[PDB]
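>>> The data below comprise the sequence and an experimental structure of the protein.
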Amino acid sequence: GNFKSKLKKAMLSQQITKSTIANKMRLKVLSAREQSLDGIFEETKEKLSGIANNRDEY
Amino acid sequence: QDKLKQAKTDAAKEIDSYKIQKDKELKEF
């Protein structure tokens, strides 16, 4: 029975282990969408400065 | 009468020592 429990624990840990991996594997992917989007906004800010320096159009 | 061996039959110790060694397969996995 000891064996049993120990084995289960190991498997359970592996379960949690994989449950952990996928989790972060998701979070970075989502983060990958965020950062790119952030970059887009950064570009906009830069351009918002450009139009802000064109006095006649501004 | 060899009834003393009846007690000596209690070990028989390696019968479970080998079992524990095999159960070490869980630690190996």
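Done, it's in. Numbers count the residues shown, from 1 in each chain, chains lettered A, B, ... in the order given.
>>> which residues sit in contact with residue 11?
Because you didn't say which chain, this covers chain A. By C-beta atoms under 8 Å, 6 or more residues apart in numbering or on different chains, no residues touch residue A:11. Placement of C-beta: from N, CA and C, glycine included.
>>> Could you check stretch A:17-25 and say which residues are buried?
Of the residues in stretch A:17-25, none is buried under the neighbour-count criterion (16 or more other C-beta atoms under 10 Å in any protein chain shown).
>>> do stretch A:35-48 as well
Buried-residue list, stretch A:35-48, by 16+ other C-beta under 10 Å: empty.
>>> Could you give the separation of it from the chain centroid?
With C-alpha atoms, centre = their mean, to the nearest Å as the basis, stretch A:35-48 stands 18 Å off its chain's centre.
>>> Send me that stretch as PDB with only the CA atoms.
Taking C-alpha atoms only, stretch A:35-48 is exported to PDB below (Å, rounded to 0.1, in the frame of the first residue of the first chain):
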ATOM      1  CA  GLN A  35       3.400  42.800 -26.400                       C
ATOM      2  CA  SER A  36       2.900  43.000 -30.200                       C
ATOM      3  CA  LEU A  37      -0.200  45.000 -29.500                       C
ATOM      4  CA  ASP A  38       1.700  47.200 -27.100                       C
ATOM      5  CA  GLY A  39       4.300  47.700 -29.900                       C
ATOM      6  CA  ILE A  40       1.500  48.800 -32.200                       C
ATOM      7  CA  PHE A  41       0.400  51.400 -29.700                       C
ATOM      8  CA  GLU A  42       4.000  52.500 -29.300                       C
ATOM      9  CA  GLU A  43       4.200  53.100 -33.100                       C
ATOM     10  CA  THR A  44       1.000  55.200 -32.800                       C
ATOM     11  CA  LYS A  45       2.500  57.300 -30.100                       C
ATOM     12  CA  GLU A  46       5.500  58.000 -32.300                       C
ATOM     13  CA  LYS A  47       3.300  59.000 -35.200                       C
ATOM     14  CA  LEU A  48       1.100  61.100 -32.800                       C
END
